[PDB]
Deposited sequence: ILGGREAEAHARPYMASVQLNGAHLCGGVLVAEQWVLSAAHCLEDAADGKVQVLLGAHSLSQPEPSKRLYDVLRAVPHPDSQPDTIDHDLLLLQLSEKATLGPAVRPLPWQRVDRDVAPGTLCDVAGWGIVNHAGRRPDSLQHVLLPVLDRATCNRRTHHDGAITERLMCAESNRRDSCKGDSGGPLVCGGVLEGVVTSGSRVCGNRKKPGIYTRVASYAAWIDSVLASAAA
């Protein structure tokens, strides 16, 4: 997250860190007791999910690491596009839920968020153009753009005036009104440049797919 602030500890209990070899790789969102949503290019070693965290490195009683039983990328995802860039991760067991570990409701109704609404994006992605990697969860509020400025019907954008998502925030949540609306996409892009908006996968466009996969337990 560029141009953001340290989040309050455990105040976004849906957050997840998607980890490779013990190292944060992508954001993710707990969307059911046993399922985390993230981005497709995250899956392309050992993939694990860390829930209940604020610090990546410091002891916290709420922190628990999970193995992944099944990874379900979107079947139309491809490694060279940011279309269909969703990934569902089934945890090896149901997560122990509590105030620090809670699923977030996600948008099933296919309507755009009102342009200019401020939504919250969180993550442990880089925090400056030197690639400084934060130990504690970051977040920022960002205004949603109209579709015509963003240019599909399956993507939304947000302003990128120095405040923005960036590398390592991929897969993480864009939240409005307490509901997941977007998932940070996982393609490379210039960050922080007002002419080059942040891009996020519109979760409401994928309602049937998500429901399907979650139906499969």
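Within the chain's deposited sequence, the coordinate-free stretches run 45-48, 156-164, 231-232 in sequence order.
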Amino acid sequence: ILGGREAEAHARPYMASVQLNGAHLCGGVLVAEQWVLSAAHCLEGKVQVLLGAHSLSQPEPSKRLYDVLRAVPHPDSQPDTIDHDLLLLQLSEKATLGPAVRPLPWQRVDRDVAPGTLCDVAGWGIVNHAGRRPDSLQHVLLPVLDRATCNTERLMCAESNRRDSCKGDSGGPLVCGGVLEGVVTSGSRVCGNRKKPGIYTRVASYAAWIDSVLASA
From here on, numbers count along this sequence of modelled residues.
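Here the rigid core means the biggest group of C-alpha atoms that line up within 1.5 Å when the two forms are laid on top of each other.
Core superposition of the other structures onto this form places the C-alphas of 142-150 farther off in 7 other deposited structures of this protein than those of the other stretch among 142-150 and 95-103. Comparing 187-195 with 164-172 by root mean square Cα distance to the shown form in 7 other deposited structures of this protein, with the rigid core used for the fit, gives 187-195 as the more displaced stretch. Mean CA B-factor, 197-205 versus 7-15: the higher value falls on 197-205.
Relative to its counterpart among 125-133 and 96-104, 125-133 has the higher mean temperature factor, C-alpha atoms as listed in the PDB entry. Going by the entry's values, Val113 shows the largest Cα B-factor out of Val72, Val113, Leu118, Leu145.
Highest CA B-factor among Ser160, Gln34, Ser38, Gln48, as stated in the entry: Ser160. Among all modelled residues in its chain, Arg154 ranks in the highest third by Cα B-factor. Among all modelled residues in its chain, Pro61 ranks in the middle third by Cα B-factor. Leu43: CA B factor lies in the highest third for its chain, per the PDB record. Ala217 sits in the highest third of its chain by CA B factor, as recorded in the PDB entry.
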